[PDB]
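This document starts with one chain, in the form deposited without the DNA, laid out as structure tokens.
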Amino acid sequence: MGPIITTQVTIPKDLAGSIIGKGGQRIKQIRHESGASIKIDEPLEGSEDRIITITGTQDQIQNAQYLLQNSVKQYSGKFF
């Protein structure tokens, strides 16, 4: 399965709420389902995007990425 590594993805700031949820319930669930550690950057770190940092095996990271994409699509109607 390989070592633990980190990858970042970017989500537009106006969509990033799709992955958090009340009480962070969504991001908590996405971590649980993927097995990866997932954080988000502070909200005013600018750019048009928020940076999400995903740490785990490559497989966990891929699963987290698809859960993040599918969540943005559920709540916004588009992928990022």
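Numbering starts at 1 and runs along the sequence shown. Between two forms, the rigid core is the largest collection of C-alphas that superpose within 1.5 Å.
The protein also exists as the form deposited with the DNA bound; that form is not presented, and the subsequent description refers to it.
The DNA in the deposited bound form comes within 4.5 Å of no heavy atom belonging to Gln60.
Of the heavy atoms in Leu68, none are within 4.5 Å of the DNA in the deposited bound form. A residue is said to contact a partner when one of its heavy atoms sits within 4.5 Å of a partner heavy atom; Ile20 meets this definition for the DNA in the deposited bound form. Within this chain, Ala64 is remote from the site of the DNA in the deposited bound form, having no heavy atom within 4.5 Å. If you take 26-61 and check each residue for a heavy atom within 4.5 Å of the DNA in the deposited bound form, you get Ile27, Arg31, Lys39, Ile40, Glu42, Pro43, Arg50, in sequence order. Once the rigid core is overlaid between the shown form and the other one, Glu33 does not reach a Cα shift of 2 Å, moving by less than that.
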